[PDB]
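Colleague: Here's a structure for you.
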Amino acid sequence: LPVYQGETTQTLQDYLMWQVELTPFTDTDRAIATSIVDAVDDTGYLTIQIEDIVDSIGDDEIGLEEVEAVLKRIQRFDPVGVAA
Amino acid sequence: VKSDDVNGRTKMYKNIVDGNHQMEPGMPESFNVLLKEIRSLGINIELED
Amino acid sequence: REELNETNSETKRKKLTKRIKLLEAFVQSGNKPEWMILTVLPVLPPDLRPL
């Protein structure tokens, strides 16, 4: 009884975050996949686009191409069409 | 491996899929949580070497 | 130490050298004894208190 949780493997947006954590990726790829996943609304689409994540980060190393690649690697893992 | 804290479950799955078959001693993750305790870290004389 | 050295008996040997050893240890410890009643208190992480 430290914390509480719901459906898993089936773990909701966090299931997408885990499937991202369930694949081989670097620190930046995982960070961008997490930015895509956490920025997903209740409709399942990517709530905040790549531009919003880049602006909030303010990091030149994270680029539009890198963010798009990390999101496309996370386009359809669990389930298909997440962070739409 | 054999219990509950699915936190290193991802690491175990990744290592096994890679065939790495490797684990990290880390801390009883729950004793790391017991440090979270520690009278709220009140007892941390922990001289980690 | 002086009382144990001088006052020696069946009961005088006890209940005091225990106090002496406790004091010696607390000196070896060095912390402020006022920690028995503290000044701060831990609060559970939300991931420490469940529903």
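Residues are named by chain letter and number: chains run A, B, ... in the order of the structure tokens, numbers start at 1 in each chain, and ligands are numbered from 1 in the order shown.
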Up to 9 Å from chain B, what residues of chain C turn up? Count only C-alpha atoms and give them as number ranges by chain.
Modeller: C: 41-45, 48
Colleague: With only C-alpha atoms as the counted atoms, please give the residues lying no more than 10 Å from stretch 5-21 of chain B, apart from itself and same-chain residues fewer than 4 positions off, as a compact mmCIF listing (two decimals) with N, CA and C atoms, in the first residue's frame.
Modeller:
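Saved file out.txt follows:
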```
# COMPACT_ATOMS: atom_id res chain seq x y z
N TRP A 18 5.83 2.84 -21.09
CA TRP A 18 6.57 1.63 -20.75
C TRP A 18 7.01 0.88 -21.99
N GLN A 19 6.14 0.75 -22.99
CA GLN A 19 6.53 0.13 -24.24
C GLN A 19 7.67 0.89 -24.89
N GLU A 21 9.82 2.45 -22.90
CA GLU A 21 10.84 1.92 -22.02
C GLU A 21 11.08 0.43 -22.24
N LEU A 22 10.22 -0.23 -23.02
CA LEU A 22 10.36 -1.64 -23.34
C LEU A 22 11.13 -1.88 -24.64
N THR A 23 11.66 -0.84 -25.26
CA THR A 23 12.42 -0.93 -26.50
C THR A 23 13.80 -0.28 -26.35
N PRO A 24 14.76 -0.65 -27.20
CA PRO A 24 16.11 -0.07 -27.09
C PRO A 24 16.15 1.32 -27.71
N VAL B 1 14.49 -10.81 -8.87
CA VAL B 1 13.46 -10.91 -9.89
C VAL B 1 12.14 -11.36 -9.28
N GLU B 29 14.94 -2.51 -3.45
CA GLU B 29 14.34 -1.24 -3.93
C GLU B 29 13.44 -0.78 -2.79
N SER B 30 12.90 -1.74 -2.06
CA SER B 30 11.97 -1.42 -0.94
C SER B 30 12.74 -0.90 0.27
```
Colleague: As a PyMOL selection string, please: every residue in chain A that a backbone DSSP assignment puts in alpha helix (DSSP H).
Modeller: chain A and resi 12-21+27-38+50-57+64-73
Colleague: Taking only C-alpha atoms into account, report as a list in words which residues of chain C lie within 7 Å of chain A.
Modeller: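 So the contacting residues turn out to be residues 46, 47, 48, 49, 50 and 51 of chain C.
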Colleague: Hey, which of A:64, A:82, A:50, A:20 ends up closest to residue A:33? Count only C-alpha atoms.
Modeller: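 Looking at the shortest contact to residue A:33, the residue is A:20.
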Colleague: What is the distance between atom CA of residue A:30 and atom CA of residue B:35, in Å to one decimal?
Modeller: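 These atoms are spaced 28.2 Å apart.
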Colleague: Which residues are near residue A:70? Cut-off 7 Å, only C-alpha atoms, ignore same chain within fewer than 3 positions. Put them as a VMD selection string.
Modeller: chain A and resid 29 32 to 33 66 to 67 73 to 74
